[PDB]
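Protein chains in written order, with the deposited numbering: chain A, 393 to 468; chain W, 99 to 159, 168 to 343; chain S, 1782 to 1823, 1841 to 2137; chain F, 2 to 142; chain L, 4 to 82; chain B, 242 to 300; chain X, 451 to 457; chain U, 2 to 130; chain C, 2 to 96, 117 to 190.
What follows is a single structure, written as structure tokens, with notes after it.
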Amino acid sequence: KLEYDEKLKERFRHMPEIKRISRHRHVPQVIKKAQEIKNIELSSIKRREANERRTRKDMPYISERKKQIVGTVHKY
Amino acid sequence: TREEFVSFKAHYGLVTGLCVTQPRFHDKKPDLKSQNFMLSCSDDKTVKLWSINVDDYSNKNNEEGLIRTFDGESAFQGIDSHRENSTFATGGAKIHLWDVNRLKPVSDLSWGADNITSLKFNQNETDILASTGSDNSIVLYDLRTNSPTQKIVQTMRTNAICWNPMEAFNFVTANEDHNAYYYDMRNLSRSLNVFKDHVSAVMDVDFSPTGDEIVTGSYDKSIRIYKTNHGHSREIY
Amino acid sequence: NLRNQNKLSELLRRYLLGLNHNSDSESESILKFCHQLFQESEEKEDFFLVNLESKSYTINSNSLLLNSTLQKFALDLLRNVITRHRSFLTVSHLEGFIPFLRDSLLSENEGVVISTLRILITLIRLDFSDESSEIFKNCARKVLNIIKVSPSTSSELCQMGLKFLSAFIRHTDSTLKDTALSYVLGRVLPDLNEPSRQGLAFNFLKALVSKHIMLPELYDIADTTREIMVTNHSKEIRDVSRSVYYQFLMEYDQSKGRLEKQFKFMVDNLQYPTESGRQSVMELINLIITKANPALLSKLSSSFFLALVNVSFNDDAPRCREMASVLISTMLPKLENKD
Amino acid sequence: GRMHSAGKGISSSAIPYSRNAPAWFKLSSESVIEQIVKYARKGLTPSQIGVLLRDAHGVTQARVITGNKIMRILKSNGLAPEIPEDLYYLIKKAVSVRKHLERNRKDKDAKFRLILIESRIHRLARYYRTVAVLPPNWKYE
Amino acid sequence: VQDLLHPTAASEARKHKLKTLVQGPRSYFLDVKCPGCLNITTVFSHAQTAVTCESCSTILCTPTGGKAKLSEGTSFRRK
Amino acid sequence: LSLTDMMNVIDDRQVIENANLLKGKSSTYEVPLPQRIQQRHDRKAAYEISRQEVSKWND
Amino acid sequence: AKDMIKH
Amino acid sequence: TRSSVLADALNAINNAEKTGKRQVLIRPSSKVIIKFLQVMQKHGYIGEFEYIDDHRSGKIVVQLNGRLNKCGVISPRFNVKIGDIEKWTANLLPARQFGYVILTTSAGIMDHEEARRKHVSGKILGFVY
Amino acid sequence: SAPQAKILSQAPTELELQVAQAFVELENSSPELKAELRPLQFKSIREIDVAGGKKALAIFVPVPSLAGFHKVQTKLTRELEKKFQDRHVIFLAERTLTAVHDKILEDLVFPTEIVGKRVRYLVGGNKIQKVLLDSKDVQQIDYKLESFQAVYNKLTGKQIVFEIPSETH
Ligand SMILES: [Zn+2]
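As structure tokens, then:
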């Protein structure tokens, strides 16, 4: 039964109703308010960068994975 | 049982590192069945190796307490023990290699004058060591070569490193930019994966012995669990 | 703390220096003293009582530090007396200390072991009984175990073992297995790339060539050291390296194609950019000129001579120009008529 | 941060970290000294000399290029003001507004600005009299 | 998030001059070649005076609110 | 006057082969690099080996 | 190599 | 009314700690602030701290590990006798053994316990706990 | 001109004589640099080791003539390291202790300049002193940073770490 349910939940994970319940957690108030603020910052930063690419000829695209790296000693 | 085998006032200062080891003294085989040893380093510039009595087996029927002490010229900040053998490496102002049967550091490893904040041995390719700096850097070492190998500088400091038990060549880094980064040892230019849920600095990270999950402790008063193949936590504690 | 230990080490070192000039050191009582130092080293009640202390005492242990410190002093004193006064360096006087030497060899701290190696190197010539002779064989085994655990040969303890290992082969009849030497030479080769701290190992390398023991790595030694001659800057390293490589050449067998390549190097190295590097080659060239077979000289007369005048004609360093002119001067009289 | 006003502006110059002359500068220090004296002889204030010396001749700063400030360079060559440049301009601004105030007797706004300027002269006048740059007997108007 | 000790090079360039980890100037010095005589003059980027060729007495730049506008026909290089 | 010009003036072809050590590729050792540069190349050479060793785990 | 020198 | 640089630095550290910031930038610097931070670092109330030279007063950046409850400078810098130290501690601090009073004495700036150990006294600089 | 004329010291050392001979040789070969080289004269030479085993030639100079050297210094350094390879040649003036020390540092770093200075305070109490250099001649200085640390230690008796930001080393 428990193994059956585990496979069952995985199959219907992309569902709306199953998502709403499955991702729902009660975080402390301080951790939340960080997230709403952290979300509003992230949305705007995208919007400014999106507005840049309209008029900037040479803005490369940098993947999120390659963002944190400043450099490596032995290049390859 | 949620009780203490023993309690020691090990150091005058703060305990800045700790690891549990199975020493291999050259002329003596420790009774690991009846004793377990733990190794602690502190900012009092000392490393003290301990012995504890345990009741795991009843094939016998003491000497519990401090066993040996290594003196250091500088403050220590991180310690970890080679799995296959007894040798262990301590990280302070310089990252040192020690041997349980030698009071002075057996060999010196160091990229440069920058100090080392934390370190962690590999769990499968036991000869490879990773370390973290105060210059926002990650170094990689190879004991078979007895030298550093690669250095990478990040936008912010990294506090802990853990090696994937199932994939010898992977490690995750707890970072101070609210993130944990999953790296490939052979190509550090690009990170395999990035975990982004946390809202304060991440302080430690660990791999499930199954290799399929990582937990990250944060300064935000929370514990998060991630899957190795997805970029967000499946739980918050 | 460690700093005070260094300070205590300095003070203890000075006392030894004074003991050397002390007339007592010539007396036999000092051995009895050193032997003395050697053996010297090896609830319901509380429910009523009122306790008002808030700080716990930290577990600590320094008694081991005392014993090692006293042992280091005793060994350090013992070596000084025997070196300075020969008569105390006799079998009879030092029998009582052999069991202590074996203990110290297994002693944890390497500083005391280093002293144990130093004193042992003194006694390798000295005859000993059956039970007092095994220590030399056993110590030979241990130093290999020292080279084992050590990640790098460039450690104070490691060099002293090679020094003992060299002296072991040079003097004692029994000799180690070739496989062990091969590994030791293998470990020496990479660390040899930093000759500045490898000074002792060269003597051990000098020991093998002195006994002409055949190893595969020794050929690889010869090539690396020859580079060290013209590249390393310390004169002391260049001097010792010159002896072993020159010693390696005039004894060990080599194929004729190999011979030309080394002599090909030296003539080429006479054009080395650094003046000292050119200078260091000159002594080697001069050694061949000073002492070599006339037939060997005859094959090489034309080659060396003009490389010499060439530098003598053009050289940024006058001294190398002067030396090259000199070496020609001592060359031509020895040359054959045809040459 | 402004006194006599509520403004909090932070517009200012940023002296570069390096205190050595720029590499690209290739003019003798002595030749510079002859230049400051010429402008001062012509009647330019020390502030004005620096602007010209910076704008059109590549003298980044007097002290870095020559090792010495414009004031002491001038003072060495016999050129120095009667009264410090800072106090000098403040006096004129007090003089000018008075002249206008003489003609327009209803300009109550100007009357106030004179009090602020007048108060500012005293505070600066106090300082120079304290350091003995100005003689103690000196008094404003 | 930013590491105040080791800020990224791009991030500093975005900040105000006085708000950088170590304050510095953002101006620079130019070589402007006089059209009339072809002689070169050093002109501060933010010059406050109408710099003129000494040999030509020809206007090279004109003061503005910020950067000095270089007169037309005047070829220049950064020095 | 390079060394080659001198062995050219001989114009004998029997003394030249006697000067066997003098013909061939230059074997003078290059000047050693500064230490920090040398170790950096050692570190790179060390990094490559570590990659090759852990690649065995890839399968 | 560790084994050879051991013997 | 402006405040002393030491006071401003200590207020900045307090606020940065309580807000949850992991590193605080202090300007201007001084020898006194450096000695104060050295004492705090020895007792573990902060982590590393780094000093940037700007050809001005200079700047400092302090990493915070969260173990700092509060710091403060005490004025007027009244003198204290050695035997008096205990009394002052019991007044300025929460409990008998919690916290360290910092004193400027003939041998430099140091916490009160080291002042007892060396038998030296002087004026008081401030308190940490 | 004789080498002794170049040498201000009354009793010239052999190394002083050799470097002065190199000077006068560059003078003779120099068609117009001679005009600048003749007034230039150095007080002394010292030869100091570096960790890597290489060596440094610290030329002690008078300050007003240190300026003149700086005007021509780069070419002199180049031909001198030609005449004396295996040497890092550096011109230092002979001359509060903080002032003179940072002037010595400025002399050492020349032709490059110091971007900044940092001092790190570890937890144990140690202090790591570091000097940030610009990347104008990053390759040349990177070939000599160890020598700069060795020289500054030898003269001023301080341990310093030369680092070049904008590059990972
Ligand atoms: Zn013109």
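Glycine residues also receive a C-beta, built at the ideal position from the N, C-alpha and C atoms.
Relative to the C-alpha of residue i, which residue among the options is closest?
{"i": "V2028/S", "options": "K1853/S, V2107/S, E1821/S and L2068/S", "result": "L2068/S"}
{"i": "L1892/S", "options": "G1909/S, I1917/S and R1995/S", "result": "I1917/S"}
{"i": "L65/U", "options": "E282/W, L298/W and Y288/W", "result": "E282/W"}
{"i": "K2054/S", "options": "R2040/S, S1859/S and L2094/S", "result": "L2094/S"}
{"i": "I173/W", "options": "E1908/S, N1860/S and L1868/S", "result": "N1860/S"}
{"i": "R1985/S", "options": "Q1957/S, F2102/S, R2036/S and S1994/S", "result": "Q1957/S"}
{"i": "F79/U", "options": "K22/U, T106/U, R117/U and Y130/U", "result": "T106/U"}
{"i": "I185/W", "options": "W148/W, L215/W, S140/W and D177/W", "result": "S140/W"}
{"i": "residue 45/W", "options": "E190/W, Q260/W and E273/W", "result": "Missing from the structure shown is residue 45/W; chain W here goes from 99 to 343 and no further."}
{"i": "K36/L", "options": "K82/L, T77/L and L7/L", "result": "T77/L"}
{"i": "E15/C", "options": "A2115/S, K2136/S, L2125/S and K2132/S", "result": "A2115/S"}
{"i": "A195/W", "options": "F301/W, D214/W, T255/W and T175/W", "result": "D214/W"}
{"i": "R68/U", "options": "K119/U, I53/U, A8/U and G21/U", "result": "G21/U"}
{"i": "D56/F", "options": "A12/L, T52/L, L63/L and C56/L", "result": "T52/L"}
{"i": "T1867/S", "options": "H1816/S, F1886/S and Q1786/S", "result": "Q1786/S"}
How would you label residue i, buried or exposed, when you count the other beta carbons within 10 angstroms and need 16 or more for buried?
{"i": "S13/F", "result": "exposed"}
{"i": "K148/C", "result": "exposed"}
{"i": "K126/W", "result": "exposed"}
{"i": "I429/A", "result": "exposed"}
{"i": "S1948/S", "result": "buried"}
{"i": "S1927/S", "result": "exposed"}
{"i": "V256/B", "result": "exposed"}
{"i": "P420/A", "result": "exposed"}
{"i": "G84/U", "result": "exposed"}
{"i": "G123/U", "result": "buried"}
{"i": "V63/U", "result": "buried"}
{"i": "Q24/U", "result": "buried"}
{"i": "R3/U", "result": "exposed"}
{"i": "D128/C", "result": "buried"}
{"i": "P32/C", "result": "exposed"}
For residue i, go through chain C and note every residue whose CB falls closer than 7 Å to its CB, in chain order.
{"i": "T2072/S", "result": "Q86 and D87"}
In chain U, what lies closer than 8 Å to residue i by C-beta?
{"i": "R139/C", "result": "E51, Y52, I53 and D54"}
Identify the contact partners of residue i in chain A, using a Cβ-Cβ distance below 7 Å as the criterion.
{"i": "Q260/W", "result": "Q460, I461 and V462"}
Which residues of chain C have a Cβ atom closer than 9 Å to the Cβ of residue i, listed in chain order?
{"i": "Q276/B", "result": "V51, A52, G53, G54, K55 and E167"}
List the residues of chain X whose Cβ lies closer than 7 Å to the Cβ of residue i, in chain order.
{"i": "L2006/S", "result": "Ordered by position in chain X, no residue passes the 7 Å Cβ test against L2006/S, which lies about 16 Å from the chain."}
Starting from residue i, find everything on chain W with Cβ-Cβ shorter than 7 Å and list it in chain order.
{"i": "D283/B", "result": "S253"}
{"i": "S243/B", "result": "Ordered by position in chain W, no residue passes the 7 Å Cβ test against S243/B, which lies about 42 Å from the chain."}
Using the beta-carbon of each residue, which ones in chain S are nearer than 8 Å to residue i?
{"i": "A260/B", "result": "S2100, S2101 and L2104"}
Can you name the residues of chain L whose CB is closer than 7 Å to the CB of residue i?
{"i": "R55/F", "result": "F47"}
Kindly list, in the order they appear in chain A, the residues whose Cβ is closer than 8 Å to that of residue i.
{"i": "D283/W", "result": "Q460"}
Measuring from the CB of residue i, is there a heavy atom of ligand 2 at a distance below 7 Å?
{"i": "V121/U", "result": "In the structure shown, ligand 2 is absent; the only ligands present are ligand 1."}
At a CB-CB cut-off below 9 Å, which residues of chain U make contact with residue i?
{"i": "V35/L", "result": "Chain U residues near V35/L: none, gap ~31 Å exceeds 9 Å."}
Can you pull the chain F neighbours of residue i, defined as C-beta to C-beta under 7 Å?
{"i": "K20/L", "result": "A15"}
Discussion item. Any residue with its C-beta under 6 Å from a non-hydrogen atom of ligand 1 counts. Can you list them all in chain order?
Written reply: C37/L, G39/L, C40/L, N42/L, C56/L, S58/L, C59/L and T61/L
Fill in: the region 1881-1896 of chain S touching the region 1841-1852 of chain S, judged by at least three CB pairs closer than 8 Å
no
Fill in: Cβ contact (3+ pairs, closer than 8 Å) linking the region 10-23 of chain L and the region 34-43 of chain L
no
Discussion item. Quick test of the definition: if touching needs 3 or more C-beta pairs under 8 Å, does the region 262-280 of chain B touch the region 157-175 of chain C?
Written reply: yes
Worksheet item: Would you say the region 109-118 of chain W touches the region 313-321 of chain W, given that touching needs at least three Cβ pairs under 8 Å?
Response: no
Practice prompt. Take every Cβ of the region 223-239 of chain W, pair it with every Cβ of the region 108-121 of chain F, and state whether three or more of those distances are shorter than 8 Å.
Written response: no
Worksheet entry | Cβ contact (3+ pairs, closer than 8 Å) linking the region 115-130 of chain U and the region 69-78 of chain U | yes
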